[PDB]
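S.K.: Pasting in a structure now, in structure tokens, and then I'll have a few things to ask.
Coordinate-derived values only; no laboratory data. Positions of Cβ are backbone-derived with ideal geometry, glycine not excepted, and every protein chain shown enters the neighbour counts.
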Ligand SMILES: CCCCCCCCCCCCCCCCCC(=O)OC[C@H](COP(=O)([O-])OCC[N+](C)(C)C)OC(=O)CCCCCCCCCCCCCCCCC
Ligand code: SF4
Ligand code: SF4
Ligand code: SF4
């Protein structure tokens with residue numbers, strides 16, 4: 001109840017500020033004012049053209065790494081069990097393989113951006 | 001479909017009928033662009049340049065140099081595309 | 001050299017530079033047309049415009065020269081000459097601590113060979129000459145205007161180009177863009193005639209016609 | 001003579017290697033830079049409280065142009081037109097005619113202050129100390145036309161700024 | 001009375017605009033160094049609320065600090081047009097004010113007032129940092145005298 | 001004496017080949033130019049203007065001069081194609097603001113002293 005009410009207020013306040021911004025001020029619209037900016041010279045193309053990604057491999061590696069925090073985040077709760085020896089072995093196993101994943105990518109020049 | 005000698009002439013004359021500088025019934029397959037229709041060279045470049053778009057193949061300047069008649073254009077297109085009916 | 005106000009003379013350089021001029025003329029007779037050394041000790045080699053690459057390459061690479069740096073490359077417009085444009089190459093030799101000037105000529109329509117193969121510095125210098133004087137350098141990587149505005153017609157540094165040009169720019173609200181119009185000046189440039197009617201330097205007196 | 005700016009090789013003893021490792025891991029040199037910015041924070045700022053405080057100037061300062069007078073009140077200018085001839089910007093326009101008393105005086109003396117480069121050549125060329133670049137620099141305008149100065153404007157500036165102008169000349173005329 | 005309200009509201013909107021003038025990071029030549037010196041410790045334009053921002057969209061003032069050539073002129077109008085209103089232009093130096101010492105050149109616009117409107121002209125070559133500051137403060141006073149809402153009430 | 005170094009063409013026939021080739025490139029490029037620069041003219045208007053510029057010099061008979069005019073044209077093509085130019089530069093060929101100037105004796109006589 002209180003969370004939803006707080007979220008509504010926080011975003012509503014922002015929207016009111018934007019509405020004030022677009023309506024209170026005096027406006028004078030003409031084609032050149034509303035033109036794309038490229039330091040005073042008209043753009044020589046479209047911003048919607050392909051923009052090459054030189055860190056594509058690191059980006060994909062992020063998805064795999066970003067999951068294993070979900071596997072590792074429960075560890076504070078897991079350290080609360082009575083079968084600690086099995087845990088500690090498995091917790092360190094999971095972290096150590098993430099290190100092995102990092103090393104293989106690192107040593108195979110996967111962390112270097114393409115030209 | 002495979003191009004025909006008659007078909008090429010039909011499409012070639014079709015383009016030139018659309019050229020605002022050429023009078024349609026004055027246009028003939030044996031009509032010289034210079035001596036008869038009264039067109040200049042820059043116009044001839046435009047005309048050939050339209051055929052390239054029409055038939056989707058490029059005619060070099062040495063060969064487009066000489067095509068001063070619709071029939072000559074038709075023959076050149078036929079020669080490149082191997083049309084003999 | 002005890003005259004307080006008069007520039008000292010260095011004859012050692014004059015003898016050295018003069019000999020090197022004889023050295024170049026002997027080695028490159030096919031192109032060298034004149035060699036002169038000035039009172040303030042600077043050597044100038046004057047060549048046929050067909051020896052630009054041979055002469056420049058020799059000066060760059062010969063072991064008794066090694067002019068590895070192209071300090072400047074420019075042009076001068078002299079309308080009275082039938083070949084109005086004088087192309088000047090100024091070169092620096094770090095090995096021998098020396099400078100040499102190479103001069104050649106061309107006209108409005110005759111091209112000069114690009115020196116980019118010899119010095120990669122010449123790329124922009126040659127573009128400037130084309131833009132400002134209208135001299136065409138053949139076999140240039142990319143010859144295009146460098147200093148003048150896009151679409152500017154004319155070659156400003158020619159002596160026959162008006163100082164204020166032929167067109168001027170302003171913003172027109174009707175078309176909502178900057179437009180070019182013929183030049184009208186609120187105050188015309190005032191041409192001052194400063195030359196004195198009395199000769200100043202006898203040593204340069206030109207022989208009577 | 002020459003010196004090498006970056007041609008030193010490091011020491012490979014363990015103490016040196018360890019010290020560099022600490023620098024790498026504990027960011028010592030970066031912390032060092034933070035100290036300098038901290039020292040400057042406790043230094044007095046160099047700011048002056050303009051317009052209540054002004055930046056220092058010298059008697060030679062080249063500012064707003066003025067036309068001067070002899071102590072009698074007579075204009076110093078004699079229309080020699082040396083200022084017009086030396087002006088690198090062609091900013092000065094002068095027309096002269098004989099005055100009703102036969103004196104060589106100007107009917108026009110116009111300076112386009114949007115052509116001027118404030119070089120002071122016109123006060124060097126003047127043989128009678130008539131045209132001077134004064135001390136003032138606070139004459140910004142809301143329009144271009146207000147910066148096209150005529151003879152009356154330049155004379156009013158002289159009568160406006162004469163006390164300061166004369167004193168500065170007294171200080172620097174021995175260097176000139 | 002509504003003539004009192006608009007007057008005080010007009011004072012507020014003028015006070016905010018003159019107390020937060022954001023110049024576009026835009027210079028052309030050797031009047032720009034003296035603009036840097038107005039941003040430097042001795043004069044500190046920041047203490048007046050004057051903050052340099054690169055984008056035209058986040059700018060209130062264009063200070064034309066240098067010689068406007070013909071190649072450059074279209075670009076200057078573009079960034080000006082891209083500035084949201086209200087916008088003001090300060091012309092700094094002889095070259096921008098009227099072409100100055102290149103006034104008779106084929107490649108020079110004989111004043112920036114041909115391309116864009118100008119509110120303040122700062123004379124000099126270069127104007128001193130103190131003289132530019134006098135011009136900025138003079139622009140502030142010009143805004144203080146604006147009567148946009150008083151005119152609206154009487155419109 | 002008349003023996004002179006050429007630029008590219010050795011005869012007017014070889015030069016007129018380059019003029020025609022240049023007209024082809026310009027004729028293809030007007031449709032893109034109108035679209036890219038967002039001009040308010042028609043493609044026919046632009047292609048007419050190209051014809052006018054090529055017609056102005058329709059009297060020359062020197063191979064070297066024609067080569068230079070072709071060189072200058074090709075430079076203007078690189079500028080327009082690569083959008084080095086701007087809308088103000090492309091529209092300067094059309095002289096829109098210049099009000100028509102009188103071209104008869106009486107009209108010149110009424111206005112001023114010029115020939
Ligand atoms: C004792 C029982 C067993 C337990 C032992 C536990 C381990 C203890 C020993 C571990 C040492 C770890 C050292 C710290 C981590 C090292 C970080 C590192 O990798 O640095 C290398 C990196 C990289 O340095 P580099 O220059 O060498 O980078 C190249 C790296 N090589 C050559 C290897 C390829 O350094 C930095 O992180 C620079 C950061 C720049 C941003 C700095 C901003 C200023 C910050 C200043 C304030 C800092 C204080 C903040 C305090 C906050 C308070 C809330
Ligand atoms: S200061 Fe220099 S530029 Fe200015 S008016 Fe005097 S001579 Fe001319
Ligand atoms: S140099 Fe001095 S006296 Fe001569 S015209 Fe100029 S201001 Fe007058
Ligand atoms: S007005 Fe003066 S400081 Fe500014 S660009 Fe021109 S010469 Fe330089």
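S.K.: For segment D:87-101, check the following and say yes or no: at least one residue is assigned to a loop (DSSP other than H, G, I, E, B), more than 10 Å from ligand 3 (Cβ to nearest atom), over 21 Å from the mean Cα position of the chain (by Cα) and at positive phi.
M.R.: To start, the set of residues in segment D:87-101 that are assigned to a loop (DSSP other than H, G, I, E, B) comprises D:87-91, D:99-101.
Remaining after also requiring more than 10 Å from ligand 3 (Cβ to nearest atom): D:88-91, D:99-101.
Then drop every residue that is not over 21 Å from the mean Cα position of the chain (by Cα), which leaves D:99-101.
Those still in the list that are at positive phi too: none.
No, segment D:87-101 has no match at all.
S.K.: Take the conditions within 41 Å of the chain's Cα centre (by Cα) and either closer than 26 Å to residue E:137 by Cβ or within 16 Å of ligand 3 (Cβ to nearest atom) (or both) and apply them to residue D:52. Does it pass?
M.R.: On the way: within 41 Å of the chain's Cα centre (by Cα): yes; either closer than 26 Å to residue E:137 by Cβ or within 16 Å of ligand 3 (Cβ to nearest atom) (or both): yes.
Judged against the criteria, residue D:52 is a match.
S.K.: Report the residue count in segment C:163-189 for those that are closer than 27 Å to residue D:112 by Cβ and part of a loop (DSSP other than H, G, I, E, B).
M.R.: Taking segment C:163-189 and keeping what is closer than 27 Å to residue D:112 by Cβ, we get C:163-173, C:178-189.
Imposing the further condition that a residue be part of a loop (DSSP other than H, G, I, E, B) reduces the set to C:163-166, C:173, C:183-189.
Count: 12.
S.K.: Shifting gears a bit: Scan segment E:79-97 residue by residue and report those that are touching a strand residue (DSSP E or B) at 6+ places or on another chain (Cβ under 7 Å) and within 7 Å of chain D (Cβ to nearest Cβ).
M.R.: Answer for segment E:79-97, where residues must be touching a strand residue (DSSP E or B) at 6+ places or on another chain (Cβ under 7 Å) and within 7 Å of chain D (Cβ to nearest Cβ): just E:97.
S.K.: Determine whether residue C:160 is part of a loop (DSSP other than H, G, I, E, B), crowded, with 19+ Cβ neighbours inside 10 Å and touching a strand residue (DSSP E or B) at 6+ places or on another chain (Cβ under 9 Å).
M.R.: The answer is no for residue C:160.
For (1) more than 16 Å from ligand 4 (Cβ to nearest atom); (2) in contact with a helix residue (DSSP H, G or I) (Cβ under 8 Å, 6 or more places away or on another chain); (3) more than 20 Å from residue E:99 (Cβ to Cβ), each residue gets a yes or a no:
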position	(1), (2), (3)
D:89	no, yes, no
D:105	yes, no, yes
D:108	yes, yes, yes
D:114	no, yes, no
D:131	yes, yes, yes
D:145	yes, no, no
D:151	yes, no, yes
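S.K.: For residue E:94, only one of the following conditions fails: (1) surrounded by fewer than 22 Cβ atoms within 10 Å (Cβ to Cβ); (2) without any contact (Cβ under 8 Å) to a residue 40 or more places away in the chain. What is its number?
M.R.: (1)
S.K.: What's the number of the condition residue E:73 fails, among (1) in contact (Cβ under 8 Å) with a residue 24 or more places away in the chain; (2) surrounded by fewer than 18 Cβ atoms within 10 Å (Cβ to Cβ); (3) within 8 Å of another protein chain (Cβ to nearest Cβ)?
M.R.: Result: residue E:73 passes all but (2).
S.K.: Among the residues of segment D:102-124, which ones are in a strand (DSSP E or B) and surrounded by fewer than 17 Cβ atoms within 10 Å (Cβ to Cβ)?
M.R.: Initially, segment D:102-124 is screened for residues in a strand (DSSP E or B), giving D:104-112.
Those that are in a strand (DSSP E or B) and surrounded by fewer than 17 Cβ atoms within 10 Å (Cβ to Cβ): D:104, D:107, D:108.
S.K.: To continue, here is another question. Picking from C:129, C:146, C:112, which residue would you name as being closer than 26 Å to residue F:71 by Cβ, surrounded by 17 or more Cβ atoms within 10 Å (Cβ to Cβ) and in contact with a helix residue (DSSP H, G or I) (Cβ under 6 Å, 6 or more places away or on another chain)? Show your work before the answer.
M.R.: Values: C:129 fails: in contact with a helix residue (DSSP H, G or I) (Cβ under 6 Å, 6 or more places away or on another chain); C:146 fails: surrounded by 17 or more Cβ atoms within 10 Å (Cβ to Cβ).
That would be C:112, the only listed residue that is closer than 26 Å to residue F:71 by Cβ, surrounded by 17 or more Cβ atoms within 10 Å (Cβ to Cβ) and in contact with a helix residue (DSSP H, G or I) (Cβ under 6 Å, 6 or more places away or on another chain).
S.K.: Turning to a different aspect of this structure: Filter segment F:64-115 for residues that are touching a strand residue (DSSP E or B) at 6+ places or on another chain (Cβ under 7 Å) and either exposed (fewer than 11 other Cβ atoms within 10 Å of the Cβ) or farther than 30 Å from residue F:21 by Cα (or both) and give the result.
M.R.: F:97, F:98
S.K.: Also, I was wondering about something else. Return the pair list, or none, for Cβ contacts closer than 6 Å from residues in segment D:77-93 that are more than 8 Å from every other protein chain (Cβ to nearest Cβ) to residues that are part of a loop (DSSP other than H, G, I, E, B) and near ligand 2 (Cβ under 6 Å from one of its atoms), at least 6 apart or on different chains.
M.R.: D:91/D:116
S.K.: Keeping to segment E:114-134, report how many residues are outside any loop (DSSP other than H, G, I, E, B) and either farther than 17 Å from residue D:116 by Cβ or more than 8 Å from every other protein chain (Cβ to nearest Cβ) (or both).
M.R.: First, the residues of segment E:114-134 that are outside any loop (DSSP other than H, G, I, E, B): E:114, E:120-122, E:129-134.
Filter once more, keeping what is either farther than 17 Å from residue D:116 by Cβ or more than 8 Å from every other protein chain (Cβ to nearest Cβ) (or both): E:114, E:120, E:129-130, E:132-134.
Number satisfying all stated conditions: 7.
S.K.: Which one of these does residue B:17 not meet: (1) touching a helix residue (DSSP H, G or I) at 6+ places or on another chain (Cβ under 6 Å); (2) surrounded by fewer than 13 Cβ atoms within 10 Å (Cβ to Cβ); (3) not in a loop (DSSP other than H, G, I, E, B)?
M.R.: Every listed condition holds for residue B:17 apart from (1).
S.K.: Ok, one more. Here are some residues: D:96, D:91, D:66. Which one is surrounded by 15 or more Cβ atoms within 10 Å (Cβ to Cβ), in contact with a strand residue (DSSP E or B) (Cβ under 6 Å, 6 or more places away or on another chain) and more than 30 Å from residue D:175 (Cα to Cα)?
M.R.: Values: D:91 fails: more than 30 Å from residue D:175 (Cα to Cα); D:66 fails: more than 30 Å from residue D:175 (Cα to Cα).
Within the list D:96, D:91, D:66, the selection yields D:96.
S.K.: Can you spot a residue in segment F:32-40 that is within 11 Å of another protein chain (Cβ to nearest Cβ), surrounded by fewer than 17 Cβ atoms within 10 Å (Cβ to Cβ) and not in a helix (DSSP H, G or I)?
M.R.: yes
S.K.: Go through (1) within 7 Å of another protein chain (Cβ to nearest Cβ); (2) out of contact with any strand residue (DSSP E or B) (no Cβ under 7 Å at 6 or more places or on another chain) and name the single condition residue E:39 misses.
M.R.: Checking residue E:39 against (1) within 7 Å of another protein chain (Cβ to nearest Cβ); (2) out of contact with any strand residue (DSSP E or B) (no Cβ under 7 Å at 6 or more places or on another chain), the one that fails is (1).
S.K.: Kindly provide the set of residues from segment E:137-148 that are closer than 20 Å to residue D:54 by Cβ and either touching a strand residue (DSSP E or B) at 6+ places or on another chain (Cβ under 7 Å) or within 8 Å of chain D (Cβ to nearest Cβ) (or both), ordered by number.
M.R.: The first filter runs over segment E:137-148 and keeps only residues closer than 20 Å to residue D:54 by Cβ, leaving E:137-141.
E:137, E:138, E:139, listed by residue number.
S.K.: Now, a different point. Touching a residue at least 12 places away in the same chain (Cβ under 8 Å), surrounded by fewer than 14 Cβ atoms within 10 Å (Cβ to Cβ) and more than 14 Å from ligand 2 (Cβ to nearest atom): is that true of residue D:127 in this structure?
M.R.: On the way: touching a residue at least 12 places away in the same chain (Cβ under 8 Å): yes; surrounded by fewer than 14 Cβ atoms within 10 Å (Cβ to Cβ): yes; more than 14 Å from ligand 2 (Cβ to nearest atom): yes.
Taking the combined requirement at face value, the residue satisfies it.
So that you can scan it fast, the table gives a plain yes or no per residue for (1) within 16 Å of ligand 1 (Cβ to nearest atom); (2) away from chain E (no Cβ under 13 Å); (3) more than 20 Å from residue D:56 (Cα to Cα):
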position	(1), (2), (3)
D:106	no, yes, yes
D:113	no, no, yes
D:117	no, no, yes
D:131	no, yes, yes
D:152	no, yes, yes
D:170	no, yes, no
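S.K.: Separate question: Looking at segment C:85-129 only, could you name the residues that are under 30 Å from residue C:14 (Cα atoms) and part of a loop (DSSP other than H, G, I, E, B)? Give the steps one after another, and end with the answer.
M.R.: Taking segment C:85-129 as the starting set, the residues that turn out to be under 30 Å from residue C:14 (Cα atoms) are C:85-106, C:115, C:118-119, C:121-122, C:125.
Hits for segment C:85-129 are C:94, C:95, C:96, C:97, C:115, C:118, C:119, C:121.
S.K.: Would you tally the residues in segment E:98-110 being assigned to a helix (DSSP H, G or I) and more than 7 Å from every other protein chain (Cβ to nearest Cβ)? Full working, then the answer.
M.R.: At the first step, the residues of segment E:98-110 found to be assigned to a helix (DSSP H, G or I) are E:98, E:100-102.
From what is left, the residues that are more than 7 Å from every other protein chain (Cβ to nearest Cβ) are E:102.
Qualifying residue count for the region: 1.
S.K.: State the number of residues belonging to segment D:1-47 that are more than 30 Å from residue E:37 (Cα to Cα), in a helix (DSSP H, G or I) and within 11 Å of ligand 1 (Cβ to nearest atom).
M.R.: Matching residues across segment D:1-47 total 9.
S.K.: Can you find a residue that is surrounded by 12 or more Cβ atoms within 10 Å (Cβ to Cβ), out of contact with any helix residue (DSSP H, G or I) (no Cβ under 6 Å at 6 or more places or on another chain) and touching a residue at least 60 places away in the same chain (Cβ under 8 Å) anywhere in segment F:1-23?
M.R.: yes
S.K.: Which condition number in (1) surrounded by 11 or more Cβ atoms within 10 Å (Cβ to Cβ); (2) more than 25 Å from the chain's Cα centre (by Cα); (3) within 17 Å of residue E:111 (Cβ to Cβ) is the one that residue C:186 fails?
M.R.: (1)
S.K.: Right, here's the next one. Taking the residues in segment E:15-24 that are surrounded by 14 or more Cβ atoms within 10 Å (Cβ to Cβ) and within 14 Å of another protein chain (Cβ to nearest Cβ) as candidates, determine which candidate is nearest to ligand 2 (Cβ to nearest atom). Walk me through how you get there before you give the answer.
M.R.: Step one: of segment E:15-24, the residues surrounded by 14 or more Cβ atoms within 10 Å (Cβ to Cβ) are E:17-18, E:21-24.
Among the residues that remain, those that are also within 14 Å of another protein chain (Cβ to nearest Cβ) are: E:17, E:24.
Working: E:17: 35, E:24: 29 Å.
Top of the filtered list is E:24.
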